[PDB]
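Colleague: Contents are PDB, N, CA and C atoms; file name query_8.pdb:
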```
MODEL        1
ATOM      1  N   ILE A   1       0.845  -1.189   0.000
ATOM      2  CA  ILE A   1       0.000   0.000   0.000
ATOM      3  C   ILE A   1       0.882   1.241   0.000
ATOM      4  N   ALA A   2       1.578   1.476  -1.108
ATOM      5  CA  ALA A   2       2.447   2.636  -1.247
ATOM      6  C   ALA A   2       2.654   2.905  -2.729
ATOM      7  N   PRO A   3       3.013   4.133  -3.096
ATOM      8  CA  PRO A   3       3.233   4.441  -4.514
ATOM      9  C   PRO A   3       4.359   3.601  -5.097
ATOM     10  N   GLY A   4       4.185   3.198  -6.355
ATOM     11  CA  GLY A   4       5.197   2.456  -7.075
ATOM     12  C   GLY A   4       5.190   0.960  -6.855
ATOM     13  N   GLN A   5       4.341   0.451  -5.968
ATOM     14  CA  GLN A   5       4.298  -0.982  -5.716
ATOM     15  C   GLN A   5       3.653  -1.718  -6.885
ATOM     16  N   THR A   6       4.106  -2.955  -7.104
ATOM     17  CA  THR A   6       3.605  -3.781  -8.196
ATOM     18  C   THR A   6       3.250  -5.194  -7.747
ATOM     19  N   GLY A   7       3.167  -5.443  -6.443
ATOM     20  CA  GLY A   7       2.862  -6.778  -5.969
ATOM     21  C   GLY A   7       1.467  -7.224  -6.359
ATOM     22  N   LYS A   8       1.286  -8.546  -6.388
ATOM     23  CA  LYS A   8      -0.017  -9.100  -6.744
ATOM     24  C   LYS A   8      -1.091  -8.643  -5.767
ATOM     25  N   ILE A   9      -0.778  -8.644  -4.470
ATOM     26  CA  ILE A   9      -1.734  -8.161  -3.480
ATOM     27  C   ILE A   9      -2.077  -6.702  -3.735
ATOM     28  N   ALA A  10      -1.146  -5.942  -4.316
ATOM     29  CA  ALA A  10      -1.408  -4.535  -4.596
ATOM     30  C   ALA A  10      -2.570  -4.370  -5.569
ATOM     31  N   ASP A  11      -2.627  -5.205  -6.599
ATOM     32  CA  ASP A  11      -3.702  -5.112  -7.582
ATOM     33  C   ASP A  11      -4.421  -6.432  -7.815
ATOM     34  N   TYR A  12      -3.703  -7.557  -7.794
ATOM     35  CA  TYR A  12      -4.331  -8.841  -8.090
ATOM     36  C   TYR A  12      -5.253  -9.274  -6.957
ATOM     37  N   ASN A  13      -4.685  -9.497  -5.770
ATOM     38  CA  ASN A  13      -5.514  -9.885  -4.597
ATOM     39  C   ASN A  13      -6.535  -8.778  -4.337
ATOM     40  N   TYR A  14      -6.066  -7.605  -3.912
ATOM     41  CA  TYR A  14      -6.926  -6.466  -3.628
ATOM     42  C   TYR A  14      -6.436  -5.275  -4.434
ATOM     43  N   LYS A  15      -7.346  -4.637  -5.165
ATOM     44  CA  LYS A  15      -6.981  -3.499  -5.995
ATOM     45  C   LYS A  15      -6.898  -2.238  -5.146
ATOM     46  N   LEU A  16      -5.757  -1.558  -5.218
ATOM     47  CA  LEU A  16      -5.539  -0.318  -4.475
ATOM     48  C   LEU A  16      -4.525   0.515  -5.244
ATOM     49  N   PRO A  17      -4.973   1.546  -5.958
ATOM     50  CA  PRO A  17      -4.035   2.366  -6.732
ATOM     51  C   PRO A  17      -3.000   3.022  -5.830
ATOM     52  N   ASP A  18      -1.783   3.147  -6.350
ATOM     53  CA  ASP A  18      -0.671   3.722  -5.605
ATOM     54  C   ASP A  18      -0.517   5.220  -5.824
ATOM     55  N   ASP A  19      -1.381   5.835  -6.629
ATOM     56  CA  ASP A  19      -1.314   7.266  -6.892
ATOM     57  C   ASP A  19      -2.129   8.090  -5.904
ATOM     58  N   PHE A  20      -2.787   7.450  -4.940
ATOM     59  CA  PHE A  20      -3.602   8.180  -3.979
ATOM     60  C   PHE A  20      -2.744   9.146  -3.170
ATOM     61  N   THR A  21      -3.218  10.385  -3.045
ATOM     62  CA  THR A  21      -2.555  11.404  -2.245
ATOM     63  C   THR A  21      -3.347  11.766  -0.996
ATOM     64  N   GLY A  22      -4.403  11.019  -0.686
ATOM     65  CA  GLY A  22      -5.218  11.294   0.480
ATOM     66  C   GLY A  22      -4.757  10.536   1.707
ATOM     67  N   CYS A  23      -5.618   9.675   2.243
ATOM     68  CA  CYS A  23      -5.274   8.893   3.427
ATOM     69  C   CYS A  23      -5.993   7.556   3.364
ATOM     70  N   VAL A  24      -5.225   6.471   3.410
ATOM     71  CA  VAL A  24      -5.757   5.116   3.474
ATOM     72  C   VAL A  24      -5.225   4.468   4.744
ATOM     73  N   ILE A  25      -6.126   3.906   5.541
ATOM     74  CA  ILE A  25      -5.778   3.325   6.831
ATOM     75  C   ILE A  25      -5.885   1.811   6.710
ATOM     76  N   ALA A  26      -4.735   1.140   6.640
ATOM     77  CA  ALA A  26      -4.660  -0.319   6.594
ATOM     78  C   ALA A  26      -3.635  -0.748   7.640
ATOM     79  N   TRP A  27      -4.089  -0.907   8.880
ATOM     80  CA  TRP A  27      -3.214  -1.281   9.977
ATOM     81  C   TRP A  27      -3.117  -2.801  10.081
ATOM     82  N   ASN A  28      -2.287  -3.270  11.012
ATOM     83  CA  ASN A  28      -2.076  -4.704  11.199
ATOM     84  C   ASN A  28      -1.851  -4.956  12.688
ATOM     85  N   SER A  29      -2.916  -5.348  13.385
ATOM     86  CA  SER A  29      -2.832  -5.668  14.808
ATOM     87  C   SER A  29      -4.030  -6.528  15.172
ATOM     88  N   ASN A  30      -3.774  -7.757  15.620
ATOM     89  CA  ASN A  30      -4.851  -8.688  15.933
ATOM     90  C   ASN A  30      -5.724  -8.141  17.054
ATOM     91  N   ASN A  31      -5.155  -8.025  18.255
ATOM     92  CA  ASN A  31      -5.833  -7.385  19.375
ATOM     93  C   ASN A  31      -7.253  -7.911  19.556
ATOM     94  N   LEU A  32      -8.231  -7.156  19.052
ATOM     95  CA  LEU A  32      -9.632  -7.500  19.277
ATOM     96  C   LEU A  32      -9.979  -8.861  18.685
ATOM     97  N   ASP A  33      -9.500  -9.148  17.473
ATOM     98  CA  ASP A  33      -9.881 -10.388  16.805
ATOM     99  C   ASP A  33      -9.503 -11.600  17.648
ATOM    100  N   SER A  34      -8.201 -11.855  17.791
ATOM    101  CA  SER A  34      -7.694 -12.956  18.603
ATOM    102  C   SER A  34      -8.510 -14.228  18.409
ATOM    103  N   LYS A  35      -8.865 -14.537  17.165
ATOM    104  CA  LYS A  35      -9.706 -15.694  16.861
ATOM    105  C   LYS A  35      -8.806 -16.901  16.627
ATOM    106  N   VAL A  36      -8.746 -17.795  17.619
ATOM    107  CA  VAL A  36      -7.935 -19.004  17.505
ATOM    108  C   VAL A  36      -8.722 -20.194  16.978
ATOM    109  N   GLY A  37     -10.049 -20.101  16.922
ATOM    110  CA  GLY A  37     -10.866 -21.203  16.455
ATOM    111  C   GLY A  37     -11.123 -21.186  14.961
ATOM    112  N   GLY A  38     -10.058 -21.240  14.165
ATOM    113  CA  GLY A  38     -10.202 -21.290  12.724
ATOM    114  C   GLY A  38     -10.838 -20.053  12.123
ATOM    115  N   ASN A  39     -10.124 -18.927  12.162
ATOM    116  CA  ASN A  39     -10.623 -17.669  11.603
ATOM    117  C   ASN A  39     -10.369 -17.646  10.095
ATOM    118  N   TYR A  40     -11.093 -18.514   9.391
ATOM    119  CA  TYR A  40     -11.020 -18.597   7.940
ATOM    120  C   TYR A  40     -12.116 -17.800   7.245
ATOM    121  N   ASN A  41     -12.936 -17.062   8.000
ATOM    122  CA  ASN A  41     -14.035 -16.321   7.392
ATOM    123  C   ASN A  41     -13.535 -15.258   6.424
ATOM    124  N   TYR A  42     -12.330 -14.739   6.643
ATOM    125  CA  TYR A  42     -11.774 -13.678   5.810
ATOM    126  C   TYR A  42     -11.031 -14.315   4.640
ATOM    127  N   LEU A  43     -11.607 -14.210   3.446
ATOM    128  CA  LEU A  43     -11.031 -14.841   2.271
ATOM    129  C   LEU A  43      -9.794 -14.079   1.796
ATOM    130  N   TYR A  44      -9.064 -14.704   0.874
ATOM    131  CA  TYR A  44      -7.813 -14.175   0.343
ATOM    132  C   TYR A  44      -7.910 -13.721  -1.104
ATOM    133  N   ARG A  45      -8.573 -14.491  -1.968
ATOM    134  CA  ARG A  45      -8.677 -14.171  -3.391
ATOM    135  C   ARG A  45      -7.298 -14.180  -4.056
ATOM    136  N   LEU A  46      -6.611 -15.316  -3.915
ATOM    137  CA  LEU A  46      -5.284 -15.452  -4.507
ATOM    138  C   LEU A  46      -5.364 -15.624  -6.019
ATOM    139  N   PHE A  47      -6.345 -16.384  -6.499
ATOM    140  CA  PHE A  47      -6.485 -16.656  -7.928
ATOM    141  C   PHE A  47      -6.989 -15.401  -8.629
ATOM    142  N   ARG A  48      -6.077 -14.676  -9.273
ATOM    143  CA  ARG A  48      -6.412 -13.482 -10.034
ATOM    144  C   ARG A  48      -5.839 -13.606 -11.437
ATOM    145  N   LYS A  49      -6.639 -13.230 -12.436
ATOM    146  CA  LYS A  49      -6.234 -13.325 -13.834
ATOM    147  C   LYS A  49      -6.467 -12.011 -14.570
TER     148      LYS A  49
ATOM    149  N   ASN B   1      20.028 -12.942 -23.881
ATOM    150  CA  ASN B   1      19.356 -13.803 -24.852
ATOM    151  C   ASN B   1      18.373 -14.740 -24.157
ATOM    152  N   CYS B   2      17.716 -14.234 -23.117
ATOM    153  CA  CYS B   2      16.808 -15.026 -22.305
ATOM    154  C   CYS B   2      15.401 -14.452 -22.402
ATOM    155  N   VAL B   3      14.435 -15.213 -21.876
ATOM    156  CA  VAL B   3      13.039 -14.780 -21.872
ATOM    157  C   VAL B   3      12.758 -13.704 -20.838
ATOM    158  N   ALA B   4      13.737 -13.358 -20.002
ATOM    159  CA  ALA B   4      13.551 -12.341 -18.976
ATOM    160  C   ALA B   4      12.584 -12.826 -17.905
ATOM    161  N   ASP B   5      11.288 -12.837 -18.220
ATOM    162  CA  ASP B   5      10.252 -13.304 -17.300
ATOM    163  C   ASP B   5      10.293 -12.511 -15.991
ATOM    164  N   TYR B   6       9.973 -11.225 -16.117
ATOM    165  CA  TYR B   6       9.974 -10.332 -14.965
ATOM    166  C   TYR B   6       8.782 -10.626 -14.063
ATOM    167  N   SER B   7       8.788 -11.806 -13.437
ATOM    168  CA  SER B   7       7.666 -12.199 -12.547
ATOM    169  C   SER B   7       8.164 -12.320 -11.103
ATOM    170  N   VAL B   8       9.192 -11.546 -10.742
ATOM    171  CA  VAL B   8       9.776 -11.630  -9.370
ATOM    172  C   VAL B   8       9.685 -10.256  -8.698
ATOM    173  N   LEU B   9      10.403 -10.064  -7.586
ATOM    174  CA  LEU B   9      10.359  -8.780  -6.828
ATOM    175  C   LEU B   9       8.925  -8.516  -6.360
ATOM    176  N   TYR B  10       8.034  -8.104  -7.266
ATOM    177  CA  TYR B  10       6.608  -7.944  -6.881
ATOM    178  C   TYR B  10       6.119  -9.275  -6.302
ATOM    179  N   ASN B  11       6.774 -10.377  -6.680
ATOM    180  CA  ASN B  11       6.401 -11.721  -6.166
ATOM    181  C   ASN B  11       6.886 -11.874  -4.722
ATOM    182  N   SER B  12       6.721 -13.068  -4.143
ATOM    183  CA  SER B  12       7.211 -13.332  -2.764
ATOM    184  C   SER B  12       7.044 -12.080  -1.894
ATOM    185  N   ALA B  13       8.124 -11.625  -1.252
ATOM    186  CA  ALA B  13       8.056 -10.441  -0.362
ATOM    187  C   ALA B  13       9.470  -9.993   0.020
ATOM    188  N   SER B  14       9.591  -9.135   1.038
ATOM    189  CA  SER B  14      10.901  -8.628   1.451
ATOM    190  C   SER B  14      11.566  -7.993   0.236
ATOM    191  N   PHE B  15      12.780  -8.392  -0.143
ATOM    192  CA  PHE B  15      13.465  -7.811  -1.291
ATOM    193  C   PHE B  15      13.865  -6.369  -1.006
ATOM    194  N   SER B  16      14.177  -5.608  -2.055
ATOM    195  CA  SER B  16      14.603  -4.223  -1.915
ATOM    196  C   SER B  16      13.982  -3.400  -3.036
ATOM    197  N   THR B  17      14.198  -2.088  -2.981
ATOM    198  CA  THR B  17      13.656  -1.177  -3.975
ATOM    199  C   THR B  17      14.560  -1.141  -5.207
ATOM    200  N   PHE B  18      14.187  -0.308  -6.179
ATOM    201  CA  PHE B  18      14.900  -0.221  -7.448
ATOM    202  C   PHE B  18      15.580   1.126  -7.659
ATOM    203  N   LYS B  19      14.827   2.225  -7.647
ATOM    204  CA  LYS B  19      15.387   3.569  -7.752
ATOM    205  C   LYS B  19      16.268   3.755  -8.984
ATOM    206  N   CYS B  20      16.239   2.808  -9.921
ATOM    207  CA  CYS B  20      17.156   2.833 -11.056
ATOM    208  C   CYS B  20      16.439   2.458 -12.346
ATOM    209  N   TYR B  21      15.244   3.004 -12.558
ATOM    210  CA  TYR B  21      14.467   2.652 -13.740
ATOM    211  C   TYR B  21      13.984   3.887 -14.496
ATOM    212  N   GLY B  22      13.094   3.680 -15.462
ATOM    213  CA  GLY B  22      12.632   4.724 -16.355
ATOM    214  C   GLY B  22      11.229   5.217 -16.063
ATOM    215  N   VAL B  23      10.240   4.715 -16.815
ATOM    216  CA  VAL B  23       8.814   5.119 -16.606
ATOM    217  C   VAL B  23       7.927   3.887 -16.806
ATOM    218  N   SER B  24       6.667   3.923 -16.358
ATOM    219  CA  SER B  24       5.767   2.737 -16.442
ATOM    220  C   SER B  24       6.514   1.475 -15.994
ATOM    221  N   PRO B  25       6.507   1.112 -14.692
ATOM    222  CA  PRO B  25       7.303  -0.019 -14.205
ATOM    223  C   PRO B  25       6.675  -1.378 -14.545
ATOM    224  N   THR B  26       5.681  -1.810 -13.763
ATOM    225  CA  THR B  26       5.032  -3.128 -13.990
ATOM    226  C   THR B  26       6.115  -4.208 -14.061
ATOM    227  N   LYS B  27       5.931  -5.208 -14.927
ATOM    228  CA  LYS B  27       6.966  -6.261 -15.110
ATOM    229  C   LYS B  27       8.005  -5.750 -16.110
ATOM    230  N   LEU B  28       8.316  -4.452 -16.058
ATOM    231  CA  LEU B  28       9.310  -3.849 -16.985
ATOM    232  C   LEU B  28       8.942  -4.215 -18.424
ATOM    233  N   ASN B  29       9.505  -5.311 -18.940
ATOM    234  CA  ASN B  29       9.246  -5.727 -20.344
ATOM    235  C   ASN B  29       9.513  -4.541 -21.273
ATOM    236  N   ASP B  30       8.746  -4.409 -22.359
ATOM    237  CA  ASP B  30       9.015  -3.362 -23.337
ATOM    238  C   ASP B  30      10.507  -3.280 -23.628
ATOM    239  N   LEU B  31      11.199  -2.348 -22.975
ATOM    240  CA  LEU B  31      12.647  -2.275 -23.107
ATOM    241  C   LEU B  31      13.281  -3.438 -22.356
ATOM    242  N   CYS B  32      14.101  -4.212 -23.056
ATOM    243  CA  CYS B  32      14.672  -5.424 -22.491
ATOM    244  C   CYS B  32      16.166  -5.311 -22.210
ATOM    245  N   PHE B  33      16.697  -4.091 -22.134
ATOM    246  CA  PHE B  33      18.060  -3.853 -21.669
ATOM    247  C   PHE B  33      19.090  -4.570 -22.532
ATOM    248  N   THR B  34      20.330  -4.632 -22.061
ATOM    249  CA  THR B  34      21.420  -5.206 -22.842
ATOM    250  C   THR B  34      22.177  -6.306 -22.111
ATOM    251  N   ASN B  35      22.386  -6.168 -20.803
ATOM    252  CA  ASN B  35      23.188  -7.113 -20.040
ATOM    253  C   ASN B  35      22.484  -7.430 -18.729
ATOM    254  N   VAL B  36      22.910  -8.524 -18.099
ATOM    255  CA  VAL B  36      22.439  -8.911 -16.769
ATOM    256  C   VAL B  36      23.677  -9.277 -15.956
ATOM    257  N   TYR B  37      24.189  -8.317 -15.184
ATOM    258  CA  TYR B  37      25.351  -8.528 -14.321
ATOM    259  C   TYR B  37      24.861  -9.095 -12.992
ATOM    260  N   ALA B  38      24.676 -10.413 -12.971
ATOM    261  CA  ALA B  38      24.134 -11.100 -11.804
ATOM    262  C   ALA B  38      25.241 -11.298 -10.776
ATOM    263  N   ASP B  39      25.110 -10.640  -9.629
ATOM    264  CA  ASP B  39      26.076 -10.729  -8.543
ATOM    265  C   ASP B  39      25.412 -11.384  -7.340
ATOM    266  N   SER B  40      26.100 -12.352  -6.738
ATOM    267  CA  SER B  40      25.562 -13.103  -5.613
ATOM    268  C   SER B  40      26.535 -13.062  -4.446
ATOM    269  N   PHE B  41      25.988 -12.996  -3.235
ATOM    270  CA  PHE B  41      26.774 -12.991  -2.007
ATOM    271  C   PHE B  41      25.798 -12.998  -0.837
ATOM    272  N   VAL B  42      26.347 -13.118   0.370
ATOM    273  CA  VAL B  42      25.566 -13.111   1.601
ATOM    274  C   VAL B  42      26.091 -12.001   2.499
ATOM    275  N   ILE B  43      25.175 -11.219   3.064
ATOM    276  CA  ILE B  43      25.515 -10.114   3.947
ATOM    277  C   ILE B  43      24.910 -10.386   5.321
ATOM    278  N   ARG B  44      25.320  -9.573   6.298
ATOM    279  CA  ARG B  44      24.818  -9.745   7.657
ATOM    280  C   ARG B  44      23.298  -9.661   7.703
ATOM    281  N   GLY B  45      22.698  -8.860   6.822
ATOM    282  CA  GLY B  45      21.267  -8.732   6.708
ATOM    283  C   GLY B  45      20.686  -7.539   7.440
ATOM    284  N   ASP B  46      21.357  -7.062   8.489
ATOM    285  CA  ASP B  46      20.877  -5.882   9.197
ATOM    286  C   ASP B  46      21.182  -4.598   8.437
ATOM    287  N   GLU B  47      22.307  -4.551   7.726
ATOM    288  CA  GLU B  47      22.698  -3.358   6.987
ATOM    289  C   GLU B  47      21.678  -3.025   5.904
ATOM    290  N   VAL B  48      21.548  -3.903   4.911
ATOM    291  CA  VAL B  48      20.590  -3.721   3.824
ATOM    292  C   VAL B  48      20.888  -2.431   3.073
ATOM    293  N   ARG B  49      20.709  -1.290   3.744
ATOM    294  CA  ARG B  49      20.894   0.000   3.094
ATOM    295  C   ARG B  49      22.346   0.270   2.721
ATOM    296  N   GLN B  50      23.295  -0.493   3.269
ATOM    297  CA  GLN B  50      24.700  -0.265   2.945
ATOM    298  C   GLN B  50      24.949  -0.417   1.450
TER     299      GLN B  50
ENDMDL
END
```
Would you encode the structure as structure tokens?

Modeller:
Amino acid sequence: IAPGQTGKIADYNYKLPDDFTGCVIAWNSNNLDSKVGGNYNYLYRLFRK
Amino acid sequence: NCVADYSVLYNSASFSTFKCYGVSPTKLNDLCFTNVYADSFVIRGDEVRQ
């Protein structure tokens, strides 16, 4: 999630243009979730064409 | 004289930046350069920026 990135997750998995000059909040902290009982509800979408 | 196959860097993770290219990055392609001076070695890993 930064300008100039070309990773698959950048556009293939999840589309997010790198030219944004505003504010995008994508943090990474389990904290509240703490789901140890198979937290597979959140899909990945790896297969992109 | 190779297929190039610019399917790395954006692949996997970690790696380093480029700062040494032209315009429209993507899988580079288009311009296919002239040489590939492939240098290999192992560093401490903490420096990186050195």

Colleague: With only C-alpha atoms considered, list every residue of chain A at most 10 Å from chain B, as a count of residues only.

Modeller: 7

Colleague: Between CA of residue 33 (chain B) and CA of residue 17 (chain A), what is the distance, to one decimal in Å?

Modeller: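 Computing the Euclidean distance for CA of residue 33 (chain B) and CA of residue 17 (chain A) yields 27.4 Å.
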
Colleague: In Å to one decimal, how far is atom N of residue 19 (chain A) from atom C of residue 48 (chain B)?

Modeller: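 Between atom C of residue 48 (chain B) and atom N of residue 19 (chain A) the gap is 25.7 Å.
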
Colleague: Here is a test: counting all atoms listed in the file, which residue of A:49, A:44, A:3, A:39 is nearest to residue 18 (chain A)?

Modeller: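 Result for the nearest residue to residue 18 (chain A): A:3.
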
Colleague: What does the structure give for the distance between atom C of residue 40 (chain A) and CA of residue 12 (chain A), in Å to one decimal?

Modeller: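 That distance, rounded to one decimal, is 19.4 Å.
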
Colleague: List the spatial neighbours of residue 4 (chain B) as number ranges by chain - criterion: any atom at most 12 Å away, only C-alpha atoms, same-chain residues fewer than 6 positions off excluded.

Modeller: B: 27-36

Colleague: Run DSSP on the backbone and tell me which residues of chain A come out as helix (DSSP H, G or I); list them as a ChimeraX atom specification.

Modeller: /A:8-13

Colleague: Could the centre and edge lengths of an axis-aligned box, enclosing all atoms of region 17-35 of chain A in the file with 6 Å extra on each side, be given in Å to one decimal as lines of an AutoDock Vina configuration file?

Modeller:
```
center_x = -5.2
center_y = -2.6
center_z = 6.3
size_x = 21.5
size_y = 40.7
size_z = 38.4
```
